[PDB]
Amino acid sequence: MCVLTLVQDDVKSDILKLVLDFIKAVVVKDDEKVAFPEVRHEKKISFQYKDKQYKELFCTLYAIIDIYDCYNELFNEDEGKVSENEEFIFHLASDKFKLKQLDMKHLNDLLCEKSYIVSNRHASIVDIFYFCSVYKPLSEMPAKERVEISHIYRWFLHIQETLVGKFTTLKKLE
């Protein structure tokens, strides 16, 4: 009925897994009757729901958001921050989901301002996208460099502890 095919060791696939985990943690919560996709693994992302097939990250993402009726939660619509969320995720996608050292410095500066990258209330699609893109550089740097970006480090641990669930395959940092 519902099958999400993902790619091992792929940031875009990590994003979709963390979106499902966000939906469970934030939107569905204790409603045990809600169905989630079966996850399978191949060389390209695709998603089949009923007789509809979606391919690649963004088409699949918008389909999932529609199915779970969670656009407002993921794009902070109630805060008037839809455009801000879009700006960030399209920028990161256009950058091939890569954050260089200067990008990390700027993200760390942004996270002094608020608890999340865009929202002042709760995690959004931008935090999900950035969590998966920060994972590699953060996991590869030592303690001193992590505390040089202490606002990223704190934010990352907070997302790890509050959103990561059954679908995410990224291991805890340390």
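Don't overthink the numbering: it's just position in the shown sequence, from 1.
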If you take the mean CA temperature factor per stretch, which one wins between 36 to 44 and 109 to 117?
109 to 117
Mean C-alpha B-factor higher for 13 to 21, or for 160 to 168?
160 to 168
Pick out which of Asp127, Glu56, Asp51, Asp66 has the highest C-alpha B-factor in the PDB entry.
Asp51
What third of its chain's C-alpha B-factors does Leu61 belong to: lowest, middle or highest?
lowest
In terms of the chain's CA B-factor thirds, is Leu92 lowest, middle or highest?
lowest
Consider only the C-alpha atoms of the modelled residues in this chain, order them by B-factor as the entry records it, and name the third containing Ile149: lowest, middle or highest.
middle
By the entry's values, the third containing the CA B factor of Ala143 is the highest
